[PDB]
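Just the one chain here, laid out as structure tokens, in the form deposited in one PDB entry.
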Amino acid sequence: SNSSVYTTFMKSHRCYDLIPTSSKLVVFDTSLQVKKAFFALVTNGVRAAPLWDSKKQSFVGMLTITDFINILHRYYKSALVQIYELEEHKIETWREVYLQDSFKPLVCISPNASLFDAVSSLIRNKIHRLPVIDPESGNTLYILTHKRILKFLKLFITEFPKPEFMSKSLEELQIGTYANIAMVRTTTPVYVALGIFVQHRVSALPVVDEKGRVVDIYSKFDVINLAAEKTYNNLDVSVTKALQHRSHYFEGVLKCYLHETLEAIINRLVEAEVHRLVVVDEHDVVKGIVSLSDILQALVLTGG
């Protein structure tokens, strides 16, 4: 349906509008040891940090949980071959070790640029963290995420000039991923999950029983818990054992059916503050994933 109540809203609002009144921002100098950087993420309760290159006098990139996972996986394999470098690596040296010729410059956005431009930048760059950087100051103000954006959209858009597509199902809109779902089992070692994250470039893994029914969820976010330990040697534990550390409490995994409306799914995701739902059949067998990446890509091209 529609041009879009959504597309219009996004084009008429500045990135500034989604910034909270107060926030914190952790920045790492690129000469910081990698092990110290990751502990600092845990310590500060933060999932991403801009990288400042002191020689160049500029931000050059981000360090996120994805990078922690790439490093941990490399560390685990290298240790088996008695190569123990990475953990005394500084951020600089790890970045040089991967981003060799393969250019990945820092992607950012002005506080005065549109929300539509922000969403498009997240999708196009296949990224989850978009620093809002004031061109006048050069100051990073805030790190924009899919979660924040969908919440803002849900809150500030009236319900009842309502697009026809909102009452259509995930099935008919074809929103989500429905093949080659990367999953683990209860007993799957952490190091195996890490290799899966590294190969598939996916933000969470459903945990399934012998019958392929979802019983838990191992997010990349559940992985930085490991940075709190001084040892790192406990990567042979099961994913189930690793998730005992998931502080809070756990109801079930948050799921949906293929035949629920886009509206119902957006509402569920925003209330839960979670990056994806697991798409499941009548019997809890996993059929796919519907991520905030999927939803925002749809809303930016109009539902579909």
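Rigid core: the largest C-alpha set superposing within 1.5 Å between the two forms. Note that residue numbering follows the sequence shown and begins at 1.
Residue-level annotation: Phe165 has coordinates in all of the other entries compared, counting only those that model residues on either side of it, so it never reaches the one-third mark. Compared with the other entries of this protein, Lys255 is consistently built, present in every one of those that build its neighbours rather than absent from a third. Look at the C-alpha B-factors of 229 to 237 and of 174 to 182. On average they run higher in 229 to 237. In this crystal structure, the stretch out of 144 to 152 and 93 to 101 whose C-alpha atoms carry the higher mean B factor is 93 to 101. Annotation for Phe68: C-alpha temperature factor in the middle third relative to the rest of the modelled chain, per the entry. In this PDB entry, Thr261 carries a Cα temperature factor that places it within the lowest third of its chain's modelled residues. Looking at the C-alpha B-factors along this chain, the one for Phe250 belongs to the highest third. When the CA B factors of the chain's modelled residues are split into thirds, the value for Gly212 lands in the highest one. Sort the modelled residues of the chain by CA B factor and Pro189 lands in the middle third.
Only in words, not in the display: the form deposited in another entry, which the text now covers.
Of the residues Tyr142, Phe152, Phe116, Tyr191, exactly one exceeds or equals a 2 Å C-alpha shift between this form and the one not shown once the rigid core is aligned, and that residue is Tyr191.
With the core superposed, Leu86 shows a C-alpha displacement of at least 2 Å between this form and the one not shown. Core-superposed comparison between this form and the one not shown: the C-alpha position of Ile133 differs by less than 2 Å. A movement of the C-alpha atom of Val223 reaching 2 angstroms or beyond is seen between this form and the one not shown when the two forms are aligned on their rigid core.
Inter-residue distance, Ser102 to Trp52 (Cα): reduced by at least 3 Å in the other entry versus the depicted form. Between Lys90 and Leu86, the Cα distance is greater in the other entry than in this structure, by no less than 3 angstroms.
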